[PDB]
There are 10 protein chains.
Amino acid sequence: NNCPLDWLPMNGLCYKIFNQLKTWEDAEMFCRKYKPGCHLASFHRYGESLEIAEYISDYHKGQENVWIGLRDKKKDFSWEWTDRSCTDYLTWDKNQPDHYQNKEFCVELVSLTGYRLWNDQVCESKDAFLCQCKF
Amino acid sequence: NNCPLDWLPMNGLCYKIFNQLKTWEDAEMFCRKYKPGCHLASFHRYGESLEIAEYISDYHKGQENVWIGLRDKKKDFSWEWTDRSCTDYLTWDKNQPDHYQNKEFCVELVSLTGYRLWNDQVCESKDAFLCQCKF
Amino acid sequence: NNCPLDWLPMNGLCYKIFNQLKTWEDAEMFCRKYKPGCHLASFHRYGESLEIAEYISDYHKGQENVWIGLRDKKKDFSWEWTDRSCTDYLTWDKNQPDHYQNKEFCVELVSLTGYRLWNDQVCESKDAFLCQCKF
Amino acid sequence: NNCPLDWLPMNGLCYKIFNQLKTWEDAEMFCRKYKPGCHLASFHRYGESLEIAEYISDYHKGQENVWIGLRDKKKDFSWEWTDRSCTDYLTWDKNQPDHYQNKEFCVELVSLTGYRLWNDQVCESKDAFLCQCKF
Amino acid sequence: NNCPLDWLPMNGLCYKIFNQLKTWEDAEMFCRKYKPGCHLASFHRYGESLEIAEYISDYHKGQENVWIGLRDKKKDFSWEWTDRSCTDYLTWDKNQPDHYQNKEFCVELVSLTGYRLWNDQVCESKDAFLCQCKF
Amino acid sequence: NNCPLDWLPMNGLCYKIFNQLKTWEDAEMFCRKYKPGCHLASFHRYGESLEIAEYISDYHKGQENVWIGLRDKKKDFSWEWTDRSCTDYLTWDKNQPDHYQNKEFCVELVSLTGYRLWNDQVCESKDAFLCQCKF
Amino acid sequence: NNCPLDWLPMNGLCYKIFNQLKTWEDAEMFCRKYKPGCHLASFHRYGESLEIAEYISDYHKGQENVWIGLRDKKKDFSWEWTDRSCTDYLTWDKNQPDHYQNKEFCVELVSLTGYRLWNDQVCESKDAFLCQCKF
Amino acid sequence: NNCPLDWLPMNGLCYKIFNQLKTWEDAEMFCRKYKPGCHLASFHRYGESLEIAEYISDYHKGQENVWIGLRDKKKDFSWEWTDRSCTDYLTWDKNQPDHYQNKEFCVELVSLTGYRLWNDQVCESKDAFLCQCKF
Amino acid sequence: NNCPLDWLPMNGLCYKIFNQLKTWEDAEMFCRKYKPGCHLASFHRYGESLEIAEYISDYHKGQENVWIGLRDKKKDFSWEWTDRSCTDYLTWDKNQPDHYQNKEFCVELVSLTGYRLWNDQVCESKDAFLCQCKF
Amino acid sequence: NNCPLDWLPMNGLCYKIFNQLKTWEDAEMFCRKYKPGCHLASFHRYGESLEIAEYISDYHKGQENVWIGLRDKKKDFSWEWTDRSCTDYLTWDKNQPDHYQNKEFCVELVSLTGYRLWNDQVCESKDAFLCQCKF
Ligand SMILES: OC[C@H]1O[C@@H](O[C@H]2[C@H](O)[C@@H](O)[C@H](O)O[C@@H]2CO)[C@H](O)[C@@H](O)[C@H]1O
Ligand SMILES: OC[C@H]1O[C@@H](O[C@H]2[C@H](O)[C@@H](O)[C@H](O)O[C@@H]2CO)[C@H](O)[C@@H](O)[C@H]1O
Ligand SMILES: OC[C@H]1O[C@@H](O[C@H]2[C@H](O)[C@@H](O)[C@H](O)O[C@@H]2CO)[C@H](O)[C@@H](O)[C@H]1O
Ligand SMILES: OC[C@H]1O[C@@H](O[C@H]2[C@H](O)[C@@H](O)[C@H](O)O[C@@H]2CO)[C@H](O)[C@@H](O)[C@H]1O
Ligand SMILES: OC[C@H]1O[C@@H](O[C@H]2[C@H](O)[C@@H](O)[C@H](O)O[C@@H]2CO)[C@H](O)[C@@H](O)[C@H]1O
Ligand SMILES: OC[C@H]1O[C@@H](O[C@H]2[C@H](O)[C@@H](O)[C@H](O)O[C@@H]2CO)[C@H](O)[C@@H](O)[C@H]1O
Ligand SMILES: OC[C@H]1O[C@@H](O[C@H]2[C@H](O)[C@@H](O)[C@H](O)O[C@@H]2CO)[C@H](O)[C@@H](O)[C@H]1O
Ligand SMILES: OC[C@H]1O[C@@H](O[C@H]2[C@H](O)[C@@H](O)[C@H](O)O[C@@H]2CO)[C@H](O)[C@@H](O)[C@H]1O
Ligand SMILES: OC[C@H]1O[C@@H](O[C@H]2[C@H](O)[C@@H](O)[C@H](O)O[C@@H]2CO)[C@H](O)[C@@H](O)[C@H]1O
Ligand SMILES: OC[C@H]1O[C@@H](O[C@H]2[C@H](O)[C@@H](O)[C@H](O)O[C@@H]2CO)[C@H](O)[C@@H](O)[C@H]1O
Ligand SMILES: [Ca+2]
Ligand SMILES: [Ca+2]
Ligand SMILES: [Ca+2]
Ligand SMILES: [Ca+2]
Ligand SMILES: [Ca+2]
Ligand SMILES: [Ca+2]
Ligand SMILES: [Ca+2]
Ligand SMILES: [Ca+2]
Ligand SMILES: [Ca+2]
Ligand SMILES: [Ca+2]
Ligand SMILES: [Cl-]
Ligand SMILES: [Cl-]
Ligand code: NA
Ligand code: NA
Ligand code: NA
Ligand code: NA
Ligand code: NA
Ligand code: NA
Ligand code: NA
Ligand code: NA
Ligand code: NA
Ligand code: NA
């Protein structure tokens, strides 16, 4: 009804992991250009993080990390979602975010954590990615 | 429509009884692989038990017991649903759960009770099963 | 399109008259086996009665009365709907229900009242019937 | 979606102009038998008159007037809608309704006014007609 | 799904930029004649401007401006939407509207502003256009 | 609180039986002049009839009938509520309304029916009355 | 409660007729300074005209007309409400508005019509006035 | 806001235990006559039972049992609430209901269970009671 | 009455201008200490801007600008509301914000724009201010 | 209004910090005795922690830690809220909970963290406390 068969429906939106590897920026443009009304995913509750993590664990083969829509463009710990939603929830991995070497401003789901925790990472890294769309 | 023709729409979700016999664990992952977001069914009110019980008695094939999403992971009688909803409702059959022979940590609907009551059973045993999805 | 094109959409559900003549219980089992989530129809509002009456008058030829889902299972004047919804609405015909000779425990729409009012009738009578479904 | 592609969705219902010419009675019965849950159209606010008027102009060419669901069944200026909705809104053309020569009891949208205003007319006149359905 | 796959679902409606050059009036008629209930788009919220601006930037390349449904038919700065919705939100570009040379009465989204802001333009100019439909 | 302590809160409105005897018109004017936005009560649901019937039985002793806001001003059975709400629910007593002797045009709740059913009565008769107000 | 006892609650706002005589400008400023969130009244549906008309008749005796919030600020028949709401509804008296002798730019409810219909009048005329507030 | 200080607010309603002792019938009439829109309490979810039980334990001194609105007038296990709500939830004590000596048709909260479980009891018994009101 | 009589009710909250002149931070602490749940005002809709502008123009004498709750805490152009609501709406004045000489990090309504548009200003400036509260 | 003047309204409930020092248990029963339905506060999202933290820092008296409704009854680290809401959120301070000296099974907001983080503490120790009510 709300979403096509191969998309995860949650709180009015539809989510899908893509196994293809891309930079954070390339992943966002792809989601946006996939169908009108799409972006890399934004998270707003713990239940979402867990339902999403399990979904990726079941539908994604490999240990590659997954890009999500959070980023720090101003480069000063002001994380914002590409979909323009509120940053009213977080779940950083242990010791994150750390702006490692001052080159990490794009967020990724950490494979080692069952895709449940976030990590700021180099945007030029090649990760799989999670799109979020309205249908 | 809210659900495909052969699914039971109920309080916003869709349910279906599958007659193929599987272990509790394979019944779960089967549901999750039918479509992203599905799980073995969870119950939260008396009306659902009755509705579900009637649906199964009308649509199943055979006289098998049915696996649902409730399971005792810690083995300390701490029942949790695979869909992560709160365990705010329970409807055990007479004298259950009994962790019989300390080898029962999975819940099934009991066929002899017309599929209304629950019973903790051996997870490696095979049963028919009830999936729950959001479309 | 909440319903197939040959069903009447009404307050979240779908309705359809079946002109084949059946006993009250055979009608209920036919609705039940039609598709999951169906029963003989339940009524909860004055507006539903008038809408259903006209629908029946237009799609139901002849003057056979029509079975709906109300019945007195305990034979004690406690009317219940087969869909388990609340009995919070009643529109009995003149001098009904009367449990005539204590042999009438099933409810039908009365052809003579333009299918607006109800009558308790011998359950084994053959009437056309109104199914209700969730799609 | 709320309506088929060939229909106009407005405030919860679906509307379609039919260009076949019919008497008011035949137009009402055609709508009723088109599919369950339909009637000639009722109007309740100025926006609806304006939206319908433009819709007909775009999808109904020619100078034929259009039947709608208002009629004077008691013949004493008691205008009621066939869909049983409230007569809480009227938009009569200049000097209407007038029961001209006591032969006018059905209401049509007047082509010369761009289908904005109403006229009471001989029910046996052949006009195009506007149906309203629930899907 | 609320909209066809190549349309943008937004607050109950569906939007689509058509990359064809037309005068303001031809663009309105094209939308109106597409399916019943469409018009050049109306805007009522800041979030809509941002969402539309981004969508247009991604699905409409080049520098052609885009027609929207606002127009000053009376020519005394009384801006009205073709879909008759209320003019309760405005987002004019710097120093607009200005009725430049008494020849500008139709509104367009300005490419140079990233399609975020509005400008009144000569109605016979050729722009791409944004349709809005209710499905 | 939605209503003063001696008024019955029901579906957004406040109701109160006044145990004073008045003609139908004096009863309407009394309610109207009580506070801005009051009228003799209008009814739209079966649940309201039951709730009101019980309330009146408990707070109005004796056998005097009770005026409600339904009246046939035109005298051709066109029943309208004084609060201008839609006449979309009726619950006439046996064989009513009958315009007995061409002198009955105002409606009252019938004491002998437990204030559940309606009757058209001579407007100059003295009944207690039921006011409805928006606070 | 939604409004004080001395005010009429209608569709979310509160209305009160003031019997003091004032020019249209003084009436608008009195409403604004009465308390934050008030203006002379705006109308958007026929029900409101009818409810307001009766309210004024009951709580405003005498033959004085009543100021409401509609006015032609540009002086070219561009009627706008002081509360910035949409002019989506009009109910002018016979042959109004007429800009009689080019001195009429403010709108009053006409006493001779029972306060149902409107007239454009000399803004400096002393009329009673209707305020609208949020509480 | 919703309820007076000494009442427990839950799901739109207000609840209060009265320490005075009365028969079931006398307790119901008292609630009804206390203020318009009151009855002995009805329960519809487990959380209600527990929040209520705790409230009574804290505000009620003594070990006397508490009457609630459930009863079996037809005397055949058809329990219904005096407030006319659905019987979509139950929580009988161990081995209840038992229609002991065929003289128990009124329900009471069992003090020994911390007022959490129900017991069918003699209606002529003197218990404290829980009223439920709308304000 | 969602608010005290000297406050402006608006979309669930209450607003009030304070004419005393304070630095941006002293204004925020004054709103905070006024009553629990108060801050300098946040804006989220075009309609709020216009309503607040008129309210200020009527209850605020003089031309002192007015502090609102937006500020750039990280001094990096990342504007946040003191009430922690989402920055999903902006209405900057011409050529603002400009961080003039890198000393302006607090936002005020501009008197010259009729209090409609915003300007980033030196936080130590003395302005009147707008509080917002939940009552 | 939703709450009394000296209470903090937040997501439908009312909160207040009490400075009187009490044991965790007496703080709980004190809240329950302030009004039926109250309990020590429960948290379910990051925004509440921040809102509450700020409120307390502004309205308390002293530098005491604050008791909240979370407590480990079974002493097996199974935290439950006194208001019976699900424990779907947690925000422990550094290295907590530690069941230190196996004598800590009650949670307090830590003053040195600006009242944002939690810590399990000795239940017999005294602290300021945060009540939560529904009015
Ligand atoms: O060194 C900081 C760096 O950590 C990376 O993640 C580490 C992780 O913290 C560590 O526990 C694991 O063993 O190896 C990972 C990969 O080196 C992050 O990817 C990076 O963003 C920084 O946070
Ligand atoms: O012995 C515990 C065991 O009981 C099984 O159920 C029994 C049931 O108790 C008995 O009354 C019936 O006749 O036979 C059933 C099947 O042996 C449960 O299936 C099992 O899970 C345990 O609970
Ligand atoms: O007499 C009890 C019996 O009545 C039937 O209804 C009658 C009805 O009263 C009469 O008006 C009509 O002409 O004939 C009907 C059929 O004989 C009911 O159908 C039956 O259920 C009983 O209630
Ligand atoms: O004479 C009453 C008659 O009017 C018809 O309408 C007229 C209309 O008023 C006039 O402006 C136009 O030029 O000619 C129409 C047709 O003669 C109505 O159609 C008819 O119903 C009567 O009301
Ligand atoms: O001069 C009025 C005219 O402005 C056009 O916009 C111009 C703008 O004036 C100029 O400064 C900028 O460099 O180029 C813009 C695009 O041509 C408007 O497009 C036109 O409608 C008038 O308003
Ligand atoms: O006869 C018409 C008349 O009926 C009154 O009701 C009577 C009823 O006719 C009678 O059978 C019963 O015993 O007493 C009723 C109460 O007087 C209506 O009240 C009146 O309005 C007319 O409809
Ligand atoms: O002549 C235009 C003039 O009309 C006034 O209203 C008239 C009204 O039309 C008439 O029916 C009544 O008897 O006398 C009124 C007052 O002369 C309007 O008040 C005025 O504004 C003009 O429109
Ligand atoms: O004897 C059945 C009878 O039980 C009463 O309750 C008992 C309860 O079951 C028992 O465990 C306790 O020791 O004493 C109670 C009082 O005798 C019920 O009150 C009655 O309704 C029956 O169910
Ligand atoms: O020049 C930057 C400076 O501008 C101030 O605003 C000016 C405004 O540009 C001008 O139109 C008006 O006449 O005078 C204002 C005050 O000098 C802003 O107030 C200031 O914050 C900076 O943005
Ligand atoms: O030792 C465990 C104990 O810690 C207390 O908190 C300490 C805190 O760890 C330390 O950093 C700070 O300087 O002093 C605090 C007070 O001693 C907790 O209060 C207590 O509950 C335990 O967790
Ligand atoms: Ca990192
Ligand atoms: Ca078992
Ligand atoms: Ca019968
Ligand atoms: Ca005519
Ligand atoms: Ca221009
Ligand atoms: Ca009568
Ligand atoms: Ca005039
Ligand atoms: Ca018993
Ligand atoms: Ca500036
Ligand atoms: Ca600790
Ligand atoms: Cl009803
Ligand atoms: Cl907006
Ligand atoms: Na999301
Ligand atoms: Na479930
Ligand atoms: Na039904
Ligand atoms: Na209609
Ligand atoms: Na739009
Ligand atoms: Na009413
Ligand atoms: Na208004
Ligand atoms: Na209840
Ligand atoms: Na705000
Ligand atoms: Na809470």
# chains A, B, ... in the order shown; residues from 1 in each chain; ligands from 1
$ residues_near_ligand --ligand "ligand 23" --cutoff "6 Å" --atoms "only C-alpha atoms and all ligand atoms" --output "PyMOL selection string"
chain A and resi 41-43
$ residues_around --residues "residue 81 of chain E" --least-positions-apart "3" --cutoff "9 Å" --atoms "only C-alpha atoms" --output "PDB file with N, CA, C and O atoms, in the first residue's frame"
ATOM      1  N   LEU E  40      -1.721  24.348 -12.254  1.00  0.00           N
ATOM      2  CA  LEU E  40      -0.350  24.777 -12.016  1.00  0.00           C
ATOM      3  C   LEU E  40      -0.353  24.781 -10.463  1.00  0.00           C
ATOM      4  O   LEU E  40      -1.404  25.056  -9.827  1.00  0.00           O
ATOM      5  N   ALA E  41       0.786  24.473  -9.853  1.00  0.00           N
ATOM      6  CA  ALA E  41       0.886  24.398  -8.394  1.00  0.00           C
ATOM      7  C   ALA E  41       0.681  25.651  -7.552  1.00  0.00           C
ATOM      8  O   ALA E  41       1.060  26.759  -7.948  1.00  0.00           O
ATOM      9  N   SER E  42       0.074  25.451  -6.373  1.00  0.00           N
ATOM     10  CA  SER E  42      -0.128  26.528  -5.393  1.00  0.00           C
ATOM     11  C   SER E  42       0.807  26.212  -4.213  1.00  0.00           C
ATOM     12  O   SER E  42       1.113  25.043  -3.963  1.00  0.00           O
ATOM     13  N   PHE E  43       1.243  27.247  -3.495  1.00  0.00           N
ATOM     14  CA  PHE E  43       2.170  27.097  -2.363  1.00  0.00           C
ATOM     15  C   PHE E  43       1.590  27.681  -1.064  1.00  0.00           C
ATOM     16  O   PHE E  43       1.022  28.759  -1.065  1.00  0.00           O
ATOM     17  N   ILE E  68       4.106  28.804 -12.055  1.00  0.00           N
ATOM     18  CA  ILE E  68       3.311  28.281 -10.935  1.00  0.00           C
ATOM     19  C   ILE E  68       1.923  28.924 -11.085  1.00  0.00           C
ATOM     20  O   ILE E  68       1.743  29.817 -11.915  1.00  0.00           O
ATOM     21  N   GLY E  69       0.942  28.464 -10.302  1.00  0.00           N
ATOM     22  CA  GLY E  69      -0.419  28.949 -10.466  1.00  0.00           C
ATOM     23  C   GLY E  69      -0.874  30.284  -9.935  1.00  0.00           C
ATOM     24  O   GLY E  69      -2.076  30.493  -9.771  1.00  0.00           O
ATOM     25  N   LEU E  70       0.057  31.188  -9.657  1.00  0.00           N
ATOM     26  CA  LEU E  70      -0.322  32.494  -9.138  1.00  0.00           C
ATOM     27  C   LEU E  70      -0.432  33.506 -10.277  1.00  0.00           C
ATOM     28  O   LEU E  70       0.428  33.581 -11.145  1.00  0.00           O
ATOM     29  N   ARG E  71      -1.500  34.286 -10.269  1.00  0.00           N
ATOM     30  CA  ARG E  71      -1.711  35.270 -11.312  1.00  0.00           C
ATOM     31  C   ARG E  71      -2.566  36.434 -10.776  1.00  0.00           C
ATOM     32  O   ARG E  71      -3.343  36.273  -9.838  1.00  0.00           O
ATOM     33  N   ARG E  84      -7.730  27.878  -6.777  1.00  0.00           N
ATOM     34  CA  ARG E  84      -8.632  28.565  -5.835  1.00  0.00           C
ATOM     35  C   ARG E  84      -8.302  28.403  -4.346  1.00  0.00           C
ATOM     36  O   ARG E  84      -9.101  28.785  -3.489  1.00  0.00           O
ATOM     37  N   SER E  85      -7.140  27.842  -4.022  1.00  0.00           N
ATOM     38  CA  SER E  85      -6.741  27.739  -2.620  1.00  0.00           C
ATOM     39  C   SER E  85      -6.468  29.184  -2.120  1.00  0.00           C
ATOM     40  O   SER E  85      -6.350  30.109  -2.928  1.00  0.00           O
ATOM     41  N   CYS E  86      -6.359  29.390  -0.811  1.00  0.00           N
ATOM     42  CA  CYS E  86      -6.130  30.751  -0.297  1.00  0.00           C
ATOM     43  C   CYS E  86      -4.693  31.227  -0.497  1.00  0.00           C
ATOM     44  O   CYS E  86      -3.744  30.428  -0.421  1.00  0.00           O
ATOM     45  N   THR E  87      -4.543  32.520  -0.785  1.00  0.00           N
ATOM     46  CA  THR E  87      -3.222  33.118  -0.940  1.00  0.00           C
ATOM     47  C   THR E  87      -2.879  33.484   0.493  1.00  0.00           C
ATOM     48  O   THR E  87      -3.210  34.570   0.956  1.00  0.00           O
TER      49      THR E  87
END
$ residues_near_ligand --ligand "ligand 7" --cutoff "6 Å" --atoms "only C-alpha atoms and all ligand atoms" --output "ChimeraX atom specification"
/G:98,100,119-121
$ select_by_dssp --residues "chain C" --states "helix (DSSP H, G or I)" --output "number ranges by chain"
C: 24-32, 46-59, 100-102, 111-113
$ write_last_selection --atoms "C-alpha atoms" --output "mmCIF file, in the first residue's frame"
data_model
loop_
_atom_site.group_PDB
_atom_site.id
_atom_site.type_symbol
_atom_site.label_atom_id
_atom_site.label_comp_id
_atom_site.auth_asym_id
_atom_site.auth_seq_id
_atom_site.Cartn_x
_atom_site.Cartn_y
_atom_site.Cartn_z
ATOM 1 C CA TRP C 24 -28.017 -17.775 8.704
ATOM 2 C CA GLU C 25 -24.974 -19.904 9.631
ATOM 3 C CA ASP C 26 -24.146 -20.942 6.065
ATOM 4 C CA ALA C 27 -24.119 -17.215 5.150
ATOM 5 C CA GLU C 28 -21.707 -16.373 7.985
ATOM 6 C CA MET C 29 -19.316 -19.204 6.982
ATOM 7 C CA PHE C 30 -19.488 -18.108 3.329
ATOM 8 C CA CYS C 31 -18.482 -14.543 4.252
ATOM 9 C CA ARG C 32 -15.735 -15.959 6.477
ATOM 10 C CA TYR C 46 -28.302 5.264 11.558
ATOM 11 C CA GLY C 47 -26.583 6.446 8.371
ATOM 12 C CA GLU C 48 -25.242 2.951 7.649
ATOM 13 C CA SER C 49 -28.800 1.556 7.822
ATOM 14 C CA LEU C 50 -30.124 4.001 5.220
ATOM 15 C CA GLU C 51 -27.144 3.636 2.904
ATOM 16 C CA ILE C 52 -27.229 -0.155 3.106
ATOM 17 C CA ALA C 53 -31.024 -0.133 2.532
ATOM 18 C CA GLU C 54 -30.718 1.771 -0.709
ATOM 19 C CA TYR C 55 -27.713 -0.272 -1.855
ATOM 20 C CA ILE C 56 -29.702 -3.468 -1.293
ATOM 21 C CA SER C 57 -32.799 -2.071 -2.981
ATOM 22 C CA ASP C 58 -30.673 -1.322 -6.071
ATOM 23 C CA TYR C 59 -28.511 -4.425 -6.306
ATOM 24 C CA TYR C 100 -41.536 -15.994 18.169
ATOM 25 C CA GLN C 101 -42.452 -19.354 19.770
ATOM 26 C CA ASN C 102 -38.900 -19.243 21.129
ATOM 27 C CA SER C 111 -37.857 -6.496 2.782
ATOM 28 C CA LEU C 112 -41.182 -4.906 3.707
ATOM 29 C CA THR C 113 -39.359 -2.053 5.500
#
$ residues_near_ligand --ligand "ligand 3" --cutoff "12 Å" --atoms "only C-alpha atoms and all ligand atoms" --output "number ranges by chain"
C: 64-66, 92-113, 117-123, 125, 127
$ atom_distance --atom1 "atom CA of residue 116 of chain A" --atom2 "atom CA of residue 16 of chain A"
15.6 Å
$ atom_distance --atom1 "atom CA of residue 39 of chain A" --atom2 "atom CA of residue 11 of chain J"
29.0 Å
$ closest_atom_pairs --of "chain G" --to "chain I" --cutoff "7 Å" --atoms "only C-alpha atoms" --output "tab-separated table"
residue	atom	partner	partner_atom	distance
G:1	CA	I:1	CA	6.9
G:2	CA	I:1	CA	5.8
G:3	CA	I:1	CA	6.1
G:35	CA	I:6	CA	6.3
G:36	CA	I:8	CA	5.1
G:37	CA	I:8	CA	5.8
G:134	CA	I:9	CA	6.5
G:135	CA	I:1	CA	4.5
$ residues_around --residues "residue 18 of chain F" --least-positions-apart "2" --cutoff "7 Å" --atoms "only C-alpha atoms" --output "list in words"
residues 16, 20, 128, 129 and 130 of chain F
$ write_last_selection --atoms "N, CA and C atoms" --output "mmCIF file, in the first residue's frame"
data_model
loop_
_atom_site.group_PDB
_atom_site.id
_atom_site.type_symbol
_atom_site.label_atom_id
_atom_site.label_comp_id
_atom_site.auth_asym_id
_atom_site.auth_seq_id
_atom_site.Cartn_x
_atom_site.Cartn_y
_atom_site.Cartn_z
ATOM 1 N N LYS F 16 -28.513 20.273 29.157
ATOM 2 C CA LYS F 16 -29.153 20.377 30.465
ATOM 3 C C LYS F 16 -30.677 20.413 30.380
ATOM 4 N N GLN F 20 -38.852 23.316 33.978
ATOM 5 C CA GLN F 20 -39.794 24.414 33.978
ATOM 6 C C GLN F 20 -40.687 24.153 32.774
ATOM 7 N N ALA F 128 -41.211 20.287 29.705
ATOM 8 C CA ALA F 128 -39.948 20.722 30.263
ATOM 9 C C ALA F 128 -39.108 20.796 28.972
ATOM 10 N N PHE F 129 -37.850 21.201 29.059
ATOM 11 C CA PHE F 129 -37.052 21.307 27.852
ATOM 12 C C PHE F 129 -35.572 21.036 28.049
ATOM 13 N N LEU F 130 -34.946 20.628 26.954
ATOM 14 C CA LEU F 130 -33.540 20.260 26.927
ATOM 15 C C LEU F 130 -32.699 21.292 26.177
#
$ closest_residue --among "I:133, I:62, I:76, I:17" --to "ligand 31" --atoms "only C-alpha atoms and all ligand atoms"
I:133
$ select_by_dssp --residues "segment 2-127 of chain H" --states "strand (DSSP E or B)" --output "VMD selection string"
chain H and resid 8 to 10 13 to 22 38 to 40 66 to 71 80 to 81 92 104 to 109 118 to 122 127
$ atom_distance --atom1 "atom CA of residue 44 of chain E" --atom2 "atom CA of residue 77 of chain E"
18.2 Å
